[PDB]
Amino acid sequence: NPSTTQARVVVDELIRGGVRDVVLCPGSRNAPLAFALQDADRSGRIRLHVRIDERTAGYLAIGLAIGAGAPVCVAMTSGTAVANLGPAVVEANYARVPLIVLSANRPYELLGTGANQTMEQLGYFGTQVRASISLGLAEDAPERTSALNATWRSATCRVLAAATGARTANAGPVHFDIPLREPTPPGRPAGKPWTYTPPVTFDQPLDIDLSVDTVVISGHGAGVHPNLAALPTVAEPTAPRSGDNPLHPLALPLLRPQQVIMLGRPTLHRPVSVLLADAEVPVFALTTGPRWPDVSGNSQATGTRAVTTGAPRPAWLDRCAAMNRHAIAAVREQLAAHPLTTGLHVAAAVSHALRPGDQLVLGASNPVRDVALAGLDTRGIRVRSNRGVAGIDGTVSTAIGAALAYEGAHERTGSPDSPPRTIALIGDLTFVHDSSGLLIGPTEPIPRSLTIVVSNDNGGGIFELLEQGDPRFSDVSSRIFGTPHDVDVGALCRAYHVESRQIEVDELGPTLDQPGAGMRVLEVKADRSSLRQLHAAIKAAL
Amino acid sequence: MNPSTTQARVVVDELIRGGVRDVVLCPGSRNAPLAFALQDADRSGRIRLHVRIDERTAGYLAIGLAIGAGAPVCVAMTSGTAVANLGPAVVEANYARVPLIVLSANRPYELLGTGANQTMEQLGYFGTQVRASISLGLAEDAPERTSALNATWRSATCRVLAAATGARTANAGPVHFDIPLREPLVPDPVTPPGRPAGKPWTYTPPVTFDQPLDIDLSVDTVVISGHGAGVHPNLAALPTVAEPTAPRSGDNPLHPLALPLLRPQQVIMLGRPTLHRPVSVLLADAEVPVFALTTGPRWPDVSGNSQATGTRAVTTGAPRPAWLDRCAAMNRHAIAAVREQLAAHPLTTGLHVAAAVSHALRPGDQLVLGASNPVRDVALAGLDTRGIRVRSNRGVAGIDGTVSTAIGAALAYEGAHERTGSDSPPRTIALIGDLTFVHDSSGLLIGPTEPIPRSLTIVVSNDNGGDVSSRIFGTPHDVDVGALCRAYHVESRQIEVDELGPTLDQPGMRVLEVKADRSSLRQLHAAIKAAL
Amino acid sequence: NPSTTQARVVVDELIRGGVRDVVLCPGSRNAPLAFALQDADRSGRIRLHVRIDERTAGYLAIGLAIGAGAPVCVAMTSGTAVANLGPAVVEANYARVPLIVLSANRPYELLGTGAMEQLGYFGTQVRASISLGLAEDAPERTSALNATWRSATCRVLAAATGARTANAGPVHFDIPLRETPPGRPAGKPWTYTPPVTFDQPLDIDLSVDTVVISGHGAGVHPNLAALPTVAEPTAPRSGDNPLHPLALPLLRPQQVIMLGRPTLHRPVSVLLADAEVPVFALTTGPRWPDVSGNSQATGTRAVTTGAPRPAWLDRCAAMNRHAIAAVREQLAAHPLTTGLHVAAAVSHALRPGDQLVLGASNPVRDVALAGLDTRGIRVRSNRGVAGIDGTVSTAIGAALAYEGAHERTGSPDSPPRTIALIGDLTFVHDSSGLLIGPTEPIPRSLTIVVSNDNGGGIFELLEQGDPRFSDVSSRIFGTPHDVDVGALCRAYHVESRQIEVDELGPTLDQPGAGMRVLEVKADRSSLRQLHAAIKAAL
Ligand SMILES: C=C(O[C@H]1C=C[C@H]([C@@](O)(CCC(=O)O)c2sc(CCOP(=O)(O)OP(=O)(O)O)c(C)[n+]2Cc2c[nH]c(C)nc2=N)[C@@H](C(=O)O)[C@@H]1O)C(=O)O
Ligand SMILES: C=C(O[C@H]1C=C[C@H]([C@@](O)(CCC(=O)O)c2sc(CCOP(=O)(O)OP(=O)(O)O)c(C)[n+]2Cc2c[nH]c(C)nc2=N)[C@@H](C(=O)O)[C@@H]1O)C(=O)O
Ligand SMILES: O=C(O)c1cc(O)c2ccccc2c1O
Ligand SMILES: O=C(O)c1cc(O)c2ccccc2c1O
Ligand SMILES: O=C(O)c1cc(O)c2ccccc2c1O
Ligand SMILES: [Mg+2]
Ligand SMILES: [Mg+2]
């Protein structure tokens with residue numbers, strides 16, 4: 001049949017385009033390209049992942065795409081599919097993740113008259129996706145076989161190109177529809193894609209005088225700038241570090257920089273937000289994509305790289321280095337002097353235990369910030385986190401997807417060594433949010449060396465550090481911002497047959513040092529009633 | 001009073017004046033103005049606040065809080081994916097016509113495109129699924145304009161309420177109410193008043209929408225009522241194949257299995273029939289005329305031969321007594337086959353659990369059903385739904401948020417009984433499959449400070465399971481139901497089907513797990529087909 | 001062939017649904033249902049109107065619908081069709097006009113890879129977006145495919161005419177393409193939807209000093225007929241106690257009954273926004289308006305108790321006569337001719353049975369200021385968005401539909417007059433609407449009166465019209481054009497005559513060509529001073 005010939009053409013081109021992982025979910029109707037995907041899965045050409053939860057499936061694809069950079073597909077099958085994939089698609093848009101959403105519309109059926117179970121469309125597709133491409137019904141015309149193969153494969157590489165940013169340098173989600181009526185022509189030789197897109201280089205030089213007292217702030221999506229490696233740099237955990245001169249985030253208010261070089265999209269730390277908005281401080285935004293950020297409209301110029309003149313003052317370097325030391329010492333000393341265990345303690349333990357080659361997945365909220373407060377040195381490490389829109393949803397499956405993709409890349413190198421560790425640090429709310437992600441059937445791929453560390457302070461500790469955390473709200477803030485839940489984390493892990501251990505913070509390093517089951521949850525109970533005082537103590541020790 | 005605090009207090013007040021009794025709130029800092037105002041209202045008894053951690057299942061808790069007593073319910077969340085997580089519950093609320101107000105905080109729109117953390121294309125995210133997408137607008141720091149802003153804010157809130165409850169449309173559904181807020185978000189170290197006597201700012205009397213239809217009841221007629229069906233006393237005598245969520249209008253039941261063995265000459269379709277393949281087969285009969293009677297402007301195109309649509313029937317004649325006798329005999333025969341075969345069958349199936357739950361119920365109970373096999377099994381068991389309120393997310397019939405809907409339906413039902421001023425609160429019994437229960441197991445989660453249903457029992461009919469995607473159903477998931485309820489601190493017990501009736505008679509929230517077989521399920525249904 | 005059978009079925013059901021007129025334009029691809037449409041037009045079941053301009057073809061459909069209240073179709077044909085139809089569809093939404101936009105997607109072709117050209121407005125304007133689905137080659141199931149195609153067409157008409165929502169408006173109807181089964185007996189629609197009544201009573205105390213403001217889309221209320229009524233031109237009248245809009249600022253009503261959607265008169269908005277005056281909104285549809293959030297309640301009809309004070313009735317009637325007299329006396333004293341003069345002339349020349357089409361800007365406002373009595377007159381104006389675009393074709397379509405309804409009576413009398421009063425910018429905006437091929441239907445009694453003051457007169461009466469802006473406001477607000485109106489109508493072969501104000505009544509009394517343009521030169525030099533003279537006399 002032509003529909004079944006079409007499916008095998010697309011899947012073949014998708015494999016040629018670098019798609020190593022595809023996610024599906026049971027639904028009202030068959031998945032798009034399901035049979036072509038099943039054939040390729042048994043052949044090992046591609047790895048399928050099945051989940052019941054459509055929401056966690058979308059974030060599973062996010063992890064499968066950020067773990068090694070490959071485009072990943074998700075196959076919608078139901079009417080709830082658009083709604084449940086929404087959060088992952090929005091994140092894919094903002095985090096610039098190549099996420100291809102597969103659909104299978106039926107043009108012989110009625111649209112707009114009732115329950116459109118193929119697609120219940122929301123409004124987010126019009127604003128989030130890089131492209132909406134539909135293949136058109138497969139003609140029963142064997143004379144056109146040569147031509148239909150060319151256009152199907154050209155359109156499939158179009159979907160891939162839009163998803164990976166091959167020509168735009170702005171990866172993101174793409175909607176790909178392959179229509180169907182109810183109820184293999186070859187590609188290019190040597191496994192090359194039908195339409196090849198060579199490496200694209202968007203270039204936007206900016207003149208910057210480095211003799212002016214400059215601090216670098218690198219956030220999500222930041223590039224590597226070897227000509228900025230010497231500068232003091234306040235780097236977010238997901239920012240690749242260009243050099244060896246880190247500036248602690250808490251030292252920034254103890255300095256007066258005269259200009260700021262902003263790499264990527266920063267989302268963390270109020271000292272960062274205040275400095276970038278300072279009208280007396282020129283801010284140069286260097287990005288890898290067409291977008292650039294601003295705080296209060298204070299971005300003076302945008303580019304992709306810097307053409308640097310001069311060099312930083314040694315007196316400015318030495319005083320930045322000294323404040324960096326003061327902030328590092330205030331954290332470690334006040335943490336040691338603190339009686340109770342907080343998430344900041346847990347983050348410091350997780351950070352001392354990381355080894356080069358590791359993959360670190362950071363949940364939103366306090367964990368991704370605490371890891372920066374503990375001064376983690378990310379060099380030699382791959383650090384992921386859904387900074388696109390900073391949700392606490394889907395983090396478990398993002399970690400599972402990242403682990404599966406990172407390990408698959410390692411196995412592909414053919415190295416004899418153990419698959420590298422994926423270690424995740426997530427809050428307790430974040431864990432409860434995506435507990436469904438732990439349920440993985442026996443037929444489905446499971447990570448070989450993933451450890452999810454759950455710092456559990458029975459609620460959202462980050463709100464103790466905001467205006468609602470001031471003691472004048474202790475009357476009221478417990479219920480509406482603390483949100484305690486009393487969840488038995490161990491019992492939840494037992495229900496999903498996930499190896500689980502509850503340990504105290506001193507035991508975390510040793511436990512992570514010794515491998516265990518392929519997937520496991522380490523729970524370290526923490527306190528958040530002392531969190532605001534602890535941060536106040538660090539500020540007072542600065 | 002700073003602008004965000006004033007605006008949030010005006011809105012919450014007008015929402016309460018509009019009939020909102022329950023509000024679901026999920027944590028965040030951008031929606032802190034909404035949290036503080038809703039908290040005050042909860043503490044003075046104006047509303048009952050319910051806090052949840054997962055925005056998606058929290059939407060289904062609000063849906064349950066709406067279908068339980070008929071009132072509009074709002075769910076408030078911070079900006080970002082928290083809003084996007086309400087998508088599933090909005091799709092269900094759209095089709096099930098549920099007044100669900102999605103009350104989202106947002107960054108100022110001026111920040112959209114700047115790269116601000118947790119900022120996205122929020123307004124219009126839901127598209128055509130919501131009855132309206134309304135933005136309040138950023139609150140101006142302008143004291144002399146306070147009287148004016150009070151009137152615009154309150155009139156905009158009543159528009160949200162009117163679109164949600166179908167006040168003028170007769171088509172209730174979800175509404176997106178986006179509130180852009182900026183610092184200061186917390187109250188700084190008197191609220192502009194609404195109308196006197198607690199009246200809403202814009203009074204909208206519930207409308208009466210009327211489309212009479214001429215139907216001759218002499219012609220051999222069968223009535224098929226589905227979700228959203230109305231009550232039609234002039235149709236009470238007719239043989240009625242009623243979905244469990246369709247309110248009965250009389251006492252002439254027609255079993256769904258009996259319909260294909262009869263030859264009706266015309267069909268009166270009440271509401272939107274979803275459930276049974278046999279009513280689907282007859283609605284595709286293009287030679288049999290169908291009259292569609294609905295309580296709202298929408299009407300099902302399930303039948304290709306619907307001659308006319310309306311709101312009520314203007315009846316002529318009366319049904320042939322031979323025709324009434326014939327169907328009544330078909331109904332007794334179909335129900336006899338089901339009960340005879342269930343007793344002959346050796347193993348306990350989900351259909352046995354379903355029959356046991358139906359026999360246990362008494363008038364005044366509220367029955368919540370997972371929208372898969374449980375509502376299909378309870379219908380085949382011949383449940384008599386007269387006097388009991390039956391709920392089910394039949395809008396899209398997804399497995400998301402089923403536990404949260406039962407919890408929400410129970411809380412709203414109990415609260416309605418408490419305002420009667422009466423006895424112990426009425427029972428709410430939920431019957432859910434194991435796969436659906438595990439899927440929305442985190443919907444069990446109720447924080448210690450949060451309201452707990454007083455009389456909700458969740459019967460889990462555990463048969464360990466229900467294209468390449470179906471390969472996950474080749475193996476029983478083997479998920480510990482008891483460990484799940486232990487994780488969410490809910491009392492759970494494993495019991496046998498004949499214990500079920502006595503356990504339910506006993507006077508918080510508990511789960512009753514009933515192990516069941518599904519290997520013999522196909523053999524049991526075939527024995528029912530053969531006994532017909 | 002499946003698609004031609006499907007096309008005939010849909011057109012047949014559309015005709016059974018009361019569609020009498022369909023507007024098409026030559027297009028890059030074939031029109032949806034064009035072969036089925038042509039046959040129906042040849043047999044006289046439906047009347048086709050072809051234009052080249054897609055924008056004014058959309059407003060031609062607007063007129064063909066508001067002329068007799070019937071659903072009208074427009075057949076998209078090209079990649080600019082969606083962009084050109086946008087204005088009329090937005091107007092069809094806010095004015096609640098039964099507009100069915102036909103498309104024909106080709107599901108065997110690629111989407112999103114090259115050059116229907118979608119914008120963002122379809123999602124926010126239409127009542128429904130229904131796609132019929134491709135017609136399968138399956139003679140076994142013809143009978144079922146017939147019922148499915150016809151019911152879906154019934155669904156499109158129900159959304160367009162508001163047969164169940166009481167909210168007519170635009171509908172997107174798609175019938176897909178790849179490169180006759182009968183309907184119901186006695187011509188009945190396949191799925192019949194009887195008349196629906198949305199009913200929302202409101203208790204109102206008529207003893208409270210009440211005045212009625214009725215705007216676009218207002219319903220007819222017998223039990224409000226005695227009250228003073230500041231009515232808009234397009235609003236039907238329930239009784240005969242008119243209150244001049246200029247009398248409103250000199251009165252203190254204690255409550256206002258608001259009918260429909262008022263858009264005219266700054267004194268009206270001031271009253272409706274008055275926080276000490278309760279405002280009851282009575283509408284025929286689900287929507288309701290508010291000014292400054294001061295709408296106290298909404299409904300469909302009033303349940304009245306008590307009666308207005310006779311002293312209150314007398315002073316309002318007195319204020320009406322005083323405001324009427326100030327306009328007519330200041331007009332007589334004014335030396336130069338203005339649009340207000342032209343408007344007053346047009347209204348005195350109107351008879352019962354006439355159709356009056358009012359352009360936006362000053363014409364629709366001036367007609368109310370002249371105290372036109374709209375009883376017996378069908379008054380049309382695009383008040384939904386109040387654009388100055390597409391008014392020439394709206395008048396043409398309104399005249400054709402009005403005349404077509406009269407002619408179906410069979411009456412021996414000549415078709416009733418359709419008189420349109422539009423400003424000059426309005427006329428230049430939709431000038432291309434005058435170009436009609438000899439094969440296309442042309443009205444027989446349309447007269448387009450163009451009050452030409454060589455720019456936008458309404459801006460003389462606003463804040464930018466204050467003399468302190470005299471230096472700069474003429475170029476950016478007056479926008480003079482020096483267009484030879486007579487030459488342009490000559491180019492399109494339209495009968496046209498420039499006439500003076502007192503020539504208007506006599507020239508409208510005797511018919512001429514089926515379509516003609518009566519231009520009356522007018523003045524905005526003195527428009528502000530004229531309106532100051534009227535306010536001073538009040
Ligand atoms: C950091 C600040 O505020 C942020 C602090 C909290 C929330 C936040 O956005 C943080 C996200 C981030 O930037 O990483 C969080 S943390 C947070 C608590 C997480 O608790 P945890 O136990 O997992 O971690 P922790 O207790 O902090 O260790 C919540 C609820 N929320 C709100 C939220 C709601 N729903 C969804 C789907 N995603 C969400 N992010 C944000 C908000 O709600 O507006 C807020 O912008 C600040 O003002 O400086
Ligand atoms: C009436 C007031 O302000 C209005 C003043 C005029 C414009 C208006 O909207 C009025 C339309 C109406 O309500 O009838 C006009 S009058 C107007 C002048 C018409 O001149 P005319 O020669 O046809 O008539 P006139 O000379 O006044 O008799 C123009 C240009 N425009 C703007 C306009 C631009 N483009 C399109 C497609 N449609 C438009 N309506 C409106 C505006 O642009 O904001 C504005 O709402 C007021 O403040 O009371
Ligand atoms: O640099 C990036 O990766 C990046 C990513 C984004 O999603 C942005 C969204 C808005 C504005 C700027 C953005 C940006 O600079
Ligand atoms: O009767 C109802 O309540 C109802 C509700 C709906 O959500 C519908 C959706 C599509 C088609 C028909 C529908 C319908 O008849
Ligand atoms: O009464 C009408 O016809 C009408 C029409 C509209 O387009 C409206 C739009 C917004 C608000 C009220 C509206 C309204 O009352
Ligand atoms: Mg926490
Ligand atoms: Mg003019």
# chains A, B, ... in the order shown; residues from 1 in each chain; ligands from 1
$ interface_residues --of "chain B" --to "chain C" --cutoff "10 Å" --atoms "only C-alpha atoms" --output "ChimeraX atom specification"
/B:124,127-128,147-156,159,162-163,166-171,195,200-214,284-287,290-292,296-299,301-311
$ residues_near_ligand --ligand "ligand 5" --cutoff "10 Å" --atoms "only C-alpha atoms and all ligand atoms" --output "number ranges by chain"
C: 90-97, 166-169, 214-219, 258-262, 281-290, 298, 383-385
$ write_last_selection --atoms "N, CA, C and O atoms" --output "short mmCIF file (atom, residue, chain, number, x, y, z; two decimals), in the first residue's frame"
data_model
loop_
_atom_site.label_atom_id
_atom_site.label_comp_id
_atom_site.auth_asym_id
_atom_site.auth_seq_id
_atom_site.Cartn_x
_atom_site.Cartn_y
_atom_site.Cartn_z
N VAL C 90 -14.26 39.90 10.09
CA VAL C 90 -14.28 40.57 11.39
C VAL C 90 -15.57 41.36 11.55
O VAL C 90 -16.23 41.30 12.60
N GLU C 91 -15.96 42.10 10.51
CA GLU C 91 -17.23 42.81 10.55
C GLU C 91 -18.40 41.85 10.68
O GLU C 91 -19.35 42.11 11.43
N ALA C 92 -18.35 40.72 9.96
CA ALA C 92 -19.41 39.72 10.08
C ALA C 92 -19.51 39.17 11.49
O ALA C 92 -20.60 38.82 11.95
N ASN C 93 -18.38 39.08 12.19
CA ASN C 93 -18.39 38.58 13.57
C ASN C 93 -19.07 39.58 14.50
O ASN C 93 -20.03 39.25 15.20
N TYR C 94 -18.57 40.82 14.52
CA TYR C 94 -19.07 41.78 15.49
C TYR C 94 -20.48 42.26 15.16
O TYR C 94 -21.25 42.57 16.07
N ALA C 95 -20.84 42.31 13.88
CA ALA C 95 -22.19 42.67 13.48
C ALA C 95 -23.13 41.48 13.39
O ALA C 95 -24.31 41.66 13.10
N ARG C 96 -22.63 40.26 13.64
CA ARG C 96 -23.42 39.03 13.64
C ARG C 96 -24.15 38.84 12.31
O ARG C 96 -25.37 38.91 12.20
N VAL C 97 -23.34 38.59 11.28
CA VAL C 97 -23.81 38.47 9.90
C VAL C 97 -23.58 37.04 9.45
O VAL C 97 -22.46 36.53 9.59
N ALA C 166 -28.34 31.82 18.86
CA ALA C 166 -28.82 33.20 18.76
C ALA C 166 -27.66 34.17 18.54
O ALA C 166 -27.67 35.30 19.03
N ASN C 167 -26.65 33.71 17.79
CA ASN C 167 -25.44 34.50 17.57
C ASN C 167 -24.92 34.18 16.16
O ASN C 167 -23.95 33.45 15.98
N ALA C 168 -25.58 34.76 15.16
CA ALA C 168 -25.12 34.64 13.79
C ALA C 168 -23.70 35.18 13.65
O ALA C 168 -23.23 35.97 14.48
N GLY C 169 -23.01 34.74 12.60
CA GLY C 169 -21.65 35.15 12.37
C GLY C 169 -20.95 34.30 11.33
O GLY C 169 -21.52 33.35 10.77
N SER C 214 -30.60 52.59 22.51
CA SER C 214 -30.64 51.41 21.65
C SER C 214 -29.63 51.57 20.53
O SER C 214 -29.70 52.54 19.76
N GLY C 215 -28.68 50.64 20.43
CA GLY C 215 -27.69 50.67 19.39
C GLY C 215 -27.82 49.52 18.41
O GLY C 215 -28.91 48.97 18.23
N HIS C 216 -26.70 49.15 17.79
CA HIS C 216 -26.71 48.10 16.77
C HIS C 216 -27.14 46.76 17.36
O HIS C 216 -26.72 46.38 18.45
N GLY C 217 -27.98 46.04 16.61
CA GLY C 217 -28.41 44.72 17.04
C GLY C 217 -29.43 44.72 18.16
O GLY C 217 -29.62 43.68 18.80
N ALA C 218 -30.08 45.85 18.42
CA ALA C 218 -31.06 45.91 19.49
C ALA C 218 -32.34 45.18 19.09
O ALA C 218 -32.74 45.16 17.93
N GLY C 219 -32.97 44.56 20.09
CA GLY C 219 -34.25 43.91 19.88
C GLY C 219 -35.41 44.87 20.04
O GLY C 219 -35.25 46.03 20.42
N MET C 258 -30.26 49.78 28.29
CA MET C 258 -29.39 49.75 27.12
C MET C 258 -29.78 48.56 26.25
O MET C 258 -29.82 47.42 26.72
N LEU C 259 -30.08 48.84 24.98
CA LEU C 259 -30.48 47.82 24.02
C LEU C 259 -29.39 47.65 22.98
O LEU C 259 -28.93 48.63 22.39
N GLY C 260 -28.99 46.40 22.74
CA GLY C 260 -28.00 46.14 21.72
C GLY C 260 -26.64 46.70 22.08
O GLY C 260 -26.25 46.79 23.25
N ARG C 261 -25.90 47.12 21.05
CA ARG C 261 -24.51 47.54 21.17
C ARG C 261 -24.36 48.99 20.72
O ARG C 261 -24.19 49.26 19.53
N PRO C 262 -24.42 49.95 21.65
CA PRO C 262 -24.28 51.36 21.26
C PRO C 262 -22.82 51.72 21.03
O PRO C 262 -21.95 51.39 21.84
N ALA C 281 -28.55 45.96 30.62
CA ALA C 281 -28.23 45.60 29.25
C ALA C 281 -29.22 44.55 28.75
O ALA C 281 -29.28 43.45 29.30
N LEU C 282 -29.99 44.90 27.73
CA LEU C 282 -30.91 43.97 27.09
C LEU C 282 -30.41 43.69 25.67
O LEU C 282 -30.29 44.62 24.86
N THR C 283 -30.12 42.43 25.38
CA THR C 283 -29.56 42.02 24.10
C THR C 283 -30.37 40.87 23.52
O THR C 283 -31.13 40.20 24.23
N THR C 284 -30.19 40.65 22.22
CA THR C 284 -30.76 39.49 21.56
C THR C 284 -29.79 38.31 21.51
O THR C 284 -30.20 37.21 21.11
N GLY C 285 -28.54 38.51 21.89
CA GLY C 285 -27.55 37.47 21.85
C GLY C 285 -26.80 37.31 23.16
O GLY C 285 -27.04 38.03 24.13
N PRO C 286 -25.87 36.35 23.20
CA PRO C 286 -25.17 36.08 24.46
C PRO C 286 -24.23 37.19 24.88
O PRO C 286 -24.01 37.38 26.09
N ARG C 287 -23.66 37.93 23.94
CA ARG C 287 -22.76 39.01 24.29
C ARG C 287 -23.54 40.19 24.87
O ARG C 287 -24.73 40.38 24.60
N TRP C 288 -22.84 40.99 25.66
CA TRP C 288 -23.40 42.22 26.20
C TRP C 288 -22.29 43.24 26.33
O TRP C 288 -21.14 42.87 26.62
N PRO C 289 -22.58 44.52 26.12
CA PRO C 289 -21.54 45.54 26.21
C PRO C 289 -21.50 46.23 27.56
O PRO C 289 -22.44 46.11 28.35
N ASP C 290 -20.41 46.95 27.83
CA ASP C 290 -20.33 47.79 29.01
C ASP C 290 -19.37 48.93 28.74
O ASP C 290 -18.42 48.80 27.97
N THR C 298 -27.78 41.97 32.83
CA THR C 298 -28.01 41.61 31.43
C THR C 298 -29.26 40.74 31.31
O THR C 298 -29.62 40.01 32.23
N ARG C 383 -21.71 48.57 11.75
CA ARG C 383 -21.36 49.03 13.09
C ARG C 383 -20.50 48.04 13.86
O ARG C 383 -20.05 48.37 14.96
N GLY C 384 -20.28 46.84 13.32
CA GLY C 384 -19.48 45.85 14.02
C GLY C 384 -18.07 46.33 14.32
O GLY C 384 -17.58 46.17 15.44
N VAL C 385 -17.40 46.91 13.32
CA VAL C 385 -16.05 47.43 13.50
C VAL C 385 -16.01 48.88 13.04
O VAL C 385 -15.02 49.59 13.27
#
$ residues_near_ligand --ligand "ligand 3" --cutoff "8 Å" --atoms "only C-alpha atoms and all ligand atoms" --output "PyMOL selection string"
(chain A and resi 93-96+219-222+263-265+286-294+388) or (chain B and resi 112-116)
$ write_last_selection --atoms "C-alpha atoms" --output "PDB file, in the first residue's frame"
ATOM      1  CA  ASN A  93      10.786  25.890  22.236  1.00  0.00           C
ATOM      2  CA  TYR A  94      12.492  27.935  24.944  1.00  0.00           C
ATOM      3  CA  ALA A  95      15.348  25.520  25.680  1.00  0.00           C
ATOM      4  CA  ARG A  96      15.936  25.040  21.913  1.00  0.00           C
ATOM      5  CA  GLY A 219      23.280  31.157  31.359  1.00  0.00           C
ATOM      6  CA  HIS A 220      21.306  28.558  29.425  1.00  0.00           C
ATOM      7  CA  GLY A 221      22.377  28.142  25.812  1.00  0.00           C
ATOM      8  CA  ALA A 222      25.629  30.039  26.327  1.00  0.00           C
ATOM      9  CA  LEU A 263      26.303  34.682  27.462  1.00  0.00           C
ATOM     10  CA  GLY A 264      23.122  32.799  26.658  1.00  0.00           C
ATOM     11  CA  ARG A 265      19.899  33.170  28.648  1.00  0.00           C
ATOM     12  CA  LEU A 286      26.308  37.094  23.032  1.00  0.00           C
ATOM     13  CA  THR A 287      24.004  34.293  21.900  1.00  0.00           C
ATOM     14  CA  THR A 288      24.203  31.174  19.750  1.00  0.00           C
ATOM     15  CA  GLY A 289      20.756  31.784  18.250  1.00  0.00           C
ATOM     16  CA  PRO A 290      18.709  34.656  16.830  1.00  0.00           C
ATOM     17  CA  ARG A 291      17.161  35.532  20.209  1.00  0.00           C
ATOM     18  CA  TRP A 292      18.790  37.680  22.881  1.00  0.00           C
ATOM     19  CA  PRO A 293      17.521  38.482  26.383  1.00  0.00           C
ATOM     20  CA  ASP A 294      17.205  41.732  28.324  1.00  0.00           C
ATOM     21  CA  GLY A 388      13.459  26.823  29.072  1.00  0.00           C
TER      22      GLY A 388
ATOM     23  CA  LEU B 112       7.048  38.386  26.921  1.00  0.00           C
ATOM     24  CA  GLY B 113       9.927  38.111  24.459  1.00  0.00           C
ATOM     25  CA  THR B 114      12.614  39.531  26.754  1.00  0.00           C
ATOM     26  CA  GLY B 115      13.744  36.091  27.904  1.00  0.00           C
ATOM     27  CA  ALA B 116      12.389  36.458  31.433  1.00  0.00           C
TER      28      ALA B 116
END
$ closest_residue --among "B:78, B:7, B:373, B:245" --to "residue 187 in chain B" --atoms "only C-alpha atoms"
B:7
$ residues_near_ligand --ligand "ligand 7" --cutoff "7 Å" --atoms "only C-alpha atoms and all ligand atoms" --output "list in words"
residues 423, 424, 425, 451, 452, 453, 454, 455, 456 and 457 of chain C
$ residues_near_ligand --ligand "ligand 6" --cutoff "10 Å" --atoms "only C-alpha atoms and all ligand atoms" --output "PyMOL selection string"
chain A and resi 342-343+365-367+426-431+454-463+482-484+525-528
$ residues_near_ligand --ligand "ligand 2" --cutoff "9 Å" --atoms "only C-alpha atoms and all ligand atoms" --output "number ranges by chain"
C: 87, 263-266, 338-340, 359-366, 382-383, 385-390, 422-429, 450-463, 477-479, 524
$ atom_distance --atom1 "CA of residue 96 in chain B" --atom2 "CA of residue 402 in chain B"
14.0 Å
$ closest_atom_pairs --of "chain A" --to "ligand 4" --cutoff "9 Å" --atoms "only C-alpha atoms and all ligand atoms" --output "Markdown table"
| residue | atom | partner | partner_atom_place_in_ligand_line | distance |
| --- | --- | --- | --- | --- |
| A:112 | CA | ligand 4 | 10 (C) | 8.7 |
| A:113 | CA | ligand 4 | 11 (C) | 6.4 |
| A:114 | CA | ligand 4 | 10 (C) | 3.9 |
| A:115 | CA | ligand 4 | 10 (C) | 5.7 |
| A:116 | CA | ligand 4 | 10 (C) | 8.9 |
$ residues_around --residues "range 79-81 of chain C" --least-positions-apart "3" --cutoff "9 Å" --atoms "only C-alpha atoms" --output "PyMOL selection string"
chain C and resi 25+27-28+54-55+75-76+84-86+115-118
